[PDB]
file run-v8.cif (mmCIF, C-alpha atoms and all ligand atoms)
data_protein
#
loop_
_atom_site.label_atom_id
_atom_site.label_comp_id
_atom_site.auth_asym_id
_atom_site.auth_seq_id
_atom_site.Cartn_x
_atom_site.Cartn_y
_atom_site.Cartn_z
CA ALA H 3 -8.76 12.28 26.71
CA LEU H 4 -9.46 13.59 23.20
CA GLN H 5 -9.32 17.31 23.97
CA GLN H 6 -5.62 17.41 23.03
CA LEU H 7 -6.52 16.16 19.55
CA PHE H 8 -9.17 18.86 19.10
CA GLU H 9 -6.78 21.47 20.48
CA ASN H 10 -4.09 20.18 18.11
CA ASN H 11 -6.48 20.43 15.20
CA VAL H 12 -7.41 24.06 15.82
CA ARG H 13 -3.72 24.98 16.15
CA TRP H 14 -2.80 23.18 12.95
CA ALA H 15 -5.63 24.61 10.80
CA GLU H 16 -5.11 28.12 12.20
CA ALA H 17 -1.33 27.93 11.57
CA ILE H 18 -1.77 26.81 7.96
CA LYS H 19 -4.30 29.59 7.34
CA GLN H 20 -1.81 32.18 8.59
CA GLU H 21 0.78 31.05 6.02
CA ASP H 22 -1.79 30.61 3.22
CA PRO H 23 -5.37 31.72 4.05
CA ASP H 24 -6.77 29.98 0.97
CA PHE H 25 -5.02 26.66 1.61
CA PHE H 26 -8.08 24.64 2.54
CA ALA H 27 -10.55 26.60 0.39
CA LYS H 28 -8.54 25.87 -2.75
CA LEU H 29 -7.95 22.23 -1.87
CA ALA H 30 -11.65 21.67 -1.20
CA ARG H 31 -12.68 22.57 -4.76
CA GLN H 32 -11.17 19.52 -6.45
CA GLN H 33 -9.33 16.37 -5.43
CA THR H 34 -6.29 15.81 -7.68
CA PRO H 35 -3.74 13.42 -6.11
CA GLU H 36 -1.11 11.90 -8.38
CA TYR H 37 -0.52 8.94 -6.06
CA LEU H 38 -2.43 6.16 -4.37
CA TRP H 39 -0.80 4.71 -1.25
CA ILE H 40 -1.59 1.17 -0.26
CA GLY H 41 0.06 0.38 3.03
CA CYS H 42 -0.28 -1.11 6.47
CA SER H 43 -2.46 0.29 9.27
CA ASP H 44 0.59 0.15 11.58
CA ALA H 45 0.70 3.47 13.47
CA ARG H 46 4.39 3.80 12.70
CA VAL H 47 3.86 4.02 8.94
CA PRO H 48 1.89 7.24 8.23
CA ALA H 49 1.81 7.79 4.46
CA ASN H 50 2.16 11.56 3.99
CA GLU H 51 4.95 12.21 6.50
CA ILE H 52 7.19 9.41 5.21
CA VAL H 53 7.34 10.83 1.68
CA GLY H 54 6.94 14.49 2.61
CA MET H 55 3.54 14.97 0.99
CA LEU H 56 0.82 17.50 1.84
CA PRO H 57 -2.95 17.17 2.24
CA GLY H 58 -4.24 16.69 -1.31
CA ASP H 59 -1.25 14.76 -2.65
CA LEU H 60 -1.95 11.14 -1.62
CA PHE H 61 -5.11 9.03 -1.90
CA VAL H 62 -4.68 6.44 0.88
CA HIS H 63 -5.78 2.88 1.73
CA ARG H 64 -4.39 1.24 4.85
CA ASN H 65 -5.23 -2.23 6.11
CA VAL H 66 -3.54 -4.97 8.12
CA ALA H 67 -0.31 -5.93 6.31
CA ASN H 68 -1.28 -4.06 3.10
CA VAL H 69 -3.10 -7.02 1.61
CA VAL H 70 -4.80 -6.76 -1.78
CA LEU H 71 -7.47 -9.33 -2.73
CA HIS H 72 -9.46 -9.49 -5.96
CA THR H 73 -12.67 -10.26 -4.03
CA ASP H 74 -12.25 -7.45 -1.52
CA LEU H 75 -14.48 -4.53 -2.53
CA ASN H 76 -12.99 -2.39 0.26
CA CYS H 77 -9.46 -2.14 -1.17
CA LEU H 78 -10.67 -2.55 -4.76
CA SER H 79 -13.08 0.40 -4.52
CA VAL H 80 -10.18 2.61 -3.39
CA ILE H 81 -8.09 1.38 -6.32
CA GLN H 82 -10.98 1.89 -8.72
CA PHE H 83 -11.88 5.35 -7.46
CA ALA H 84 -8.19 6.30 -7.63
CA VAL H 85 -7.59 4.90 -11.13
CA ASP H 86 -10.92 5.59 -12.86
CA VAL H 87 -12.18 8.79 -11.26
CA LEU H 88 -9.08 10.59 -9.91
CA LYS H 89 -6.75 9.07 -12.52
CA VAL H 90 -3.75 8.77 -10.23
CA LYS H 91 -0.57 8.08 -12.13
CA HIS H 92 1.10 5.94 -9.49
CA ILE H 93 0.10 3.28 -7.00
CA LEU H 94 2.60 3.00 -4.17
CA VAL H 95 2.30 -0.41 -2.52
CA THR H 96 4.32 0.11 0.67
CA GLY H 97 4.86 -2.64 3.20
CA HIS H 98 7.21 -2.30 6.13
CA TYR H 99 9.78 -4.35 8.01
CA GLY H 100 8.78 -5.82 11.36
CA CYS H 101 5.16 -6.05 10.23
CA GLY H 102 3.11 -7.78 12.93
CA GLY H 103 0.50 -8.94 10.41
CA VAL H 104 3.26 -10.62 8.44
CA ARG H 105 4.83 -11.99 11.64
CA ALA H 106 1.45 -13.44 12.65
CA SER H 107 1.18 -15.32 9.34
CA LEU H 108 4.53 -16.97 10.02
CA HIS H 109 3.46 -18.30 13.42
CA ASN H 110 0.61 -20.55 14.47
CA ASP H 111 -1.43 -18.60 17.01
CA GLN H 112 -5.08 -17.82 16.30
CA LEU H 113 -5.80 -14.10 16.54
CA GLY H 114 -9.42 -14.38 15.38
CA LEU H 115 -10.94 -12.61 12.38
CA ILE H 116 -7.51 -11.47 11.28
CA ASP H 117 -6.47 -15.12 10.76
CA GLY H 118 -8.42 -15.31 7.51
CA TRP H 119 -7.27 -11.88 6.34
CA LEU H 120 -3.62 -12.99 6.53
CA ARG H 121 -4.19 -16.28 4.64
CA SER H 122 -2.51 -15.05 1.45
CA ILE H 123 0.63 -14.09 3.39
CA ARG H 124 0.54 -17.53 5.00
CA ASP H 125 0.41 -18.92 1.42
CA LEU H 126 3.53 -16.94 0.61
CA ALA H 127 5.30 -18.32 3.68
CA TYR H 128 4.48 -21.79 2.38
CA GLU H 129 5.62 -21.45 -1.25
CA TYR H 130 8.88 -19.90 -0.01
CA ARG H 131 9.29 -22.33 2.88
CA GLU H 132 12.64 -23.55 1.53
CA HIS H 133 13.96 -20.01 1.08
CA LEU H 134 12.76 -18.84 4.50
CA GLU H 135 14.08 -22.02 6.15
CA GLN H 136 17.63 -21.10 5.13
CA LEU H 137 17.44 -17.83 7.08
CA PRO H 138 18.81 -18.22 10.63
CA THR H 139 16.73 -15.79 12.72
CA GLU H 140 12.98 -15.15 13.01
CA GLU H 141 13.50 -11.41 12.45
CA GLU H 142 15.07 -12.15 9.05
CA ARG H 143 12.30 -14.53 8.07
CA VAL H 144 9.70 -11.91 9.00
CA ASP H 145 11.51 -9.16 7.14
CA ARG H 146 12.08 -11.26 4.01
CA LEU H 147 8.41 -12.29 4.04
CA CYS H 148 7.58 -8.58 4.40
CA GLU H 149 9.40 -7.98 1.12
CA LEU H 150 7.92 -11.02 -0.60
CA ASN H 151 4.49 -9.79 0.46
CA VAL H 152 4.98 -6.34 -1.07
CA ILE H 153 6.14 -7.89 -4.35
CA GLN H 154 3.08 -10.15 -4.37
CA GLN H 155 0.74 -7.25 -3.67
CA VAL H 156 2.28 -5.29 -6.55
CA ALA H 157 1.44 -8.26 -8.76
CA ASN H 158 -2.10 -8.43 -7.32
CA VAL H 159 -2.80 -4.77 -8.01
CA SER H 160 -1.39 -4.93 -11.53
CA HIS H 161 -3.56 -8.02 -12.33
CA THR H 162 -6.84 -6.28 -11.45
CA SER H 163 -9.10 -5.52 -14.40
CA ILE H 164 -9.19 -2.01 -12.90
CA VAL H 165 -5.53 -1.52 -13.73
CA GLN H 166 -5.53 -3.49 -17.02
CA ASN H 167 -8.50 -1.51 -18.33
CA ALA H 168 -6.68 1.74 -17.49
CA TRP H 169 -3.77 0.55 -19.64
CA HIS H 170 -6.16 -0.60 -22.38
CA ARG H 171 -7.53 2.91 -22.80
CA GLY H 172 -4.02 4.34 -22.93
CA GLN H 173 -4.02 5.71 -19.41
CA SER H 174 -0.54 6.07 -17.87
CA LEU H 175 -0.25 4.10 -14.62
CA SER H 176 2.64 2.52 -12.71
CA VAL H 177 2.47 0.17 -9.73
CA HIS H 178 5.47 0.34 -7.41
CA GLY H 179 6.62 -1.78 -4.51
CA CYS H 180 8.40 -0.14 -1.60
CA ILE H 181 9.24 -1.10 1.94
CA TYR H 182 9.59 1.17 4.95
CA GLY H 183 12.02 0.58 7.79
CA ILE H 184 10.33 1.39 11.09
CA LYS H 185 13.83 1.10 12.53
CA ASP H 186 15.42 3.79 10.36
CA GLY H 187 12.65 5.87 8.78
CA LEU H 188 13.79 4.88 5.30
CA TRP H 189 11.32 4.22 2.45
CA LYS H 190 13.12 1.92 0.00
CA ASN H 191 12.32 0.87 -3.59
CA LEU H 192 12.03 -2.89 -4.15
CA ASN H 193 12.21 -2.02 -7.85
CA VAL H 194 9.35 -4.22 -9.02
CA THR H 195 7.47 -1.49 -10.86
CA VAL H 196 4.80 -2.57 -13.36
CA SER H 197 3.60 -0.03 -15.91
CA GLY H 198 2.15 -2.02 -18.79
CA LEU H 199 0.23 -5.08 -20.00
CA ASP H 200 3.35 -6.53 -21.59
CA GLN H 201 4.80 -7.16 -18.11
CA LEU H 202 1.99 -9.51 -17.04
CA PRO H 203 2.22 -13.30 -17.37
CA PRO H 204 -0.16 -14.49 -20.16
CA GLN H 205 -2.35 -16.38 -17.68
CA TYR H 206 -3.26 -13.11 -15.91
CA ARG H 207 -3.80 -10.86 -18.92
CA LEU H 208 -7.36 -9.79 -19.62
CA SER H 209 -8.53 -8.79 -23.09
CA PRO H 210 -10.21 -5.39 -23.46
CA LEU H 211 -13.97 -4.99 -23.02
ZN ZN T 301 2.19 -3.84 9.41
#

call {"tool": "encode", "arguments": {"input": "run-v8.cif", "output": "C-alpha cells"}}
result
Amino acid sequence: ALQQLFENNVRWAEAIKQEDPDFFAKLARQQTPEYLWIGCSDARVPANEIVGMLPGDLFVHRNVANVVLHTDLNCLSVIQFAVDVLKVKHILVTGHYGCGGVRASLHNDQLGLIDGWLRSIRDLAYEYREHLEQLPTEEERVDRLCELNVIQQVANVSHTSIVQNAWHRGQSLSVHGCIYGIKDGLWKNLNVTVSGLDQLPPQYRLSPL
C-alpha cells in the first residue's frame, strides 16, 4: 500500500507551505548545498535527519557500504557534479556501525552481484587481518572494519582527480570521515579530514592539467 506515502507527502508539503508559502518556490530556483553526503543505503542512516539538515542543504549519494571506486561513474559523477558544478565545500563520507555490507565482506557467503561490489572492503579485511584477528567478537571486527572502511573511502575520494583539480584551482574543499551508530543515533567524527594536496602520499598526487 503506497497511499499512505502519497497522503504523507501532501500533508508534509501543505504543512511547510503554511509556515513559509515560498519555501519550495525559492528552493527550486537554484541548488546551493554546501555538503555532499556519501553514505550507505541502509534504511537506518538517512542523511538529512541525522545532521538536522533541510531540503536544499545536502547533495546525497548512497550505495551499499558507502564504497567509492575510481572506475565507478555512478559515484564519481555525483562527486564531480557536487565539486565542479555545485562547488560544495565539504564531502561527508559517513559509514555506520553494524553495516551489513561490511559484515558480508568479512564472511564467506556469496550474495550475488553484491559480492564484487564489496571486494575493496574484503581487501581491507585482508590487509588488517592481524589487527582484526586480535579482536575477540565478530561484532567488534565488523565495527572496526566499518571504521577502517570509512577511512579508506576518505582516502579514495581525496585521491580522485576531481578533488585534486578542485584544489589545484584554489577551490576550498574538505573530505571528512564520520561514522554513525545505528544503536545510539550518534554521528561521530573519525577525524581523518583531508583538505589539501599536501596531505596526499606522493604516489597518489596528480599534477595539474
Ligand atoms: Zn550499511

call {"tool": "residues_around", "arguments": {"input": "run-v8.cif", "residues": "residue 47 in chain H", "least_positions_apart": "3", "cutoff": "8 Å", "atoms": "only C-alpha atoms", "output": "compact mmCIF listing (two decimals) with C-alpha atoms, in the frame of the given file"}}
result
# COMPACT_ATOMS: atom_id res chain seq x y z
CA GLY H 41 0.06 0.38 3.03
CA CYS H 42 -0.28 -1.11 6.47
CA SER H 43 -2.46 0.29 9.27
CA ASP H 44 0.59 0.15 11.58
CA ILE H 52 7.19 9.41 5.21
CA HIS H 98 7.21 -2.30 6.13
CA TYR H 182 9.59 1.17 4.95
CA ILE H 184 10.33 1.39 11.09

call {"tool": "closest_residue", "arguments": {"input": "run-v8.cif", "among": "H:148, H:66, H:77, H:88", "to": "residue 115 in chain H", "atoms": "only C-alpha atoms"}}
result
H:66

call {"tool": "atom_distance", "arguments": {"input": "run-v8.cif", "atom1": "CA of residue 183 in chain H", "atom2": "CA of residue 202 in chain H"}}
result
28.6 Å

call {"tool": "closest_residue", "arguments": {"input": "run-v8.cif", "among": "H:38, H:4, H:123, H:12", "to": "residue 71 in chain H", "atoms": "only C-alpha atoms"}}
result
H:123

call {"tool": "residues_around", "arguments": {"input": "run-v8.cif", "residues": "residue 84 in chain H", "least_positions_apart": "6", "cutoff": "10 Å", "atoms": "all atoms listed in the file", "output": "PyMOL selection string"}}
result
chain H and resi 34-39+60-62+78+90-93+164

call {"tool": "closest_residue", "arguments": {"input": "run-v8.cif", "among": "H:152, H:162, H:104, H:205", "to": "residue 191 in chain H", "atoms": "all atoms listed in the file"}}
result
H:152

call {"tool": "atom_distance", "arguments": {"input": "run-v8.cif", "atom1": "CA of residue 171 in chain H", "atom2": "CA of residue 197 in chain H"}}
result
13.4 Å

call {"tool": "build_atoms", "arguments": {"input": "run-v8.cif", "residues": "range 108-123 of chain H", "atoms": "N, CA and C atoms", "output": "tab-separated table (two decimals), in the coordinates of the input"}}
result
chain	number	residue	atom	x	y	z
H	108	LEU	N	3.38	-16.08	9.99
H	108	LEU	CA	4.53	-16.97	10.02
H	108	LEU	C	4.42	-17.92	11.21
H	109	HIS	N	3.63	-17.52	12.20
H	109	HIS	CA	3.46	-18.30	13.42
H	109	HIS	C	2.10	-18.98	13.41
H	110	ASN	N	1.76	-19.65	14.50
H	110	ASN	CA	0.61	-20.55	14.47
H	110	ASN	C	-0.46	-20.24	15.51
H	111	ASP	N	-0.41	-19.04	16.08
H	111	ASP	CA	-1.43	-18.60	17.01
H	111	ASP	C	-2.67	-18.12	16.27
H	112	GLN	N	-3.85	-18.38	16.83
H	112	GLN	CA	-5.08	-17.82	16.30
H	112	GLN	C	-5.30	-16.46	16.93
H	113	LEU	N	-5.56	-15.46	16.08
H	113	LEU	CA	-5.80	-14.10	16.54
H	113	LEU	C	-7.26	-13.72	16.30
H	114	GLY	N	-8.01	-14.62	15.66
H	114	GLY	CA	-9.42	-14.38	15.38
H	114	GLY	C	-9.71	-14.05	13.93
H	115	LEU	N	-10.60	-13.07	13.72
H	115	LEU	CA	-10.94	-12.61	12.38
H	115	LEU	C	-9.73	-12.37	11.49
H	116	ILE	N	-8.69	-11.78	12.07
H	116	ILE	CA	-7.51	-11.47	11.28
H	116	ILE	C	-6.88	-12.72	10.66
H	117	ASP	N	-7.09	-13.89	11.26
H	117	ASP	CA	-6.47	-15.12	10.76
H	117	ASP	C	-6.76	-15.31	9.28
H	118	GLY	N	-8.02	-15.13	8.89
H	118	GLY	CA	-8.42	-15.31	7.51
H	118	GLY	C	-7.89	-14.22	6.59
H	119	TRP	N	-7.81	-13.00	7.10
H	119	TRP	CA	-7.27	-11.88	6.34
H	119	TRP	C	-5.83	-12.14	5.90
H	120	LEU	N	-5.05	-12.77	6.77
H	120	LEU	CA	-3.62	-12.99	6.53
H	120	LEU	C	-3.31	-14.27	5.74
H	121	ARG	N	-4.34	-15.03	5.39
H	121	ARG	CA	-4.19	-16.28	4.64
H	121	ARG	C	-3.21	-16.19	3.47
H	122	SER	N	-3.36	-15.16	2.64
H	122	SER	CA	-2.51	-15.05	1.45
H	122	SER	C	-1.04	-14.79	1.78
H	123	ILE	N	-0.77	-14.24	2.96
H	123	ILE	CA	0.63	-14.09	3.39
H	123	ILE	C	1.12	-15.44	3.90
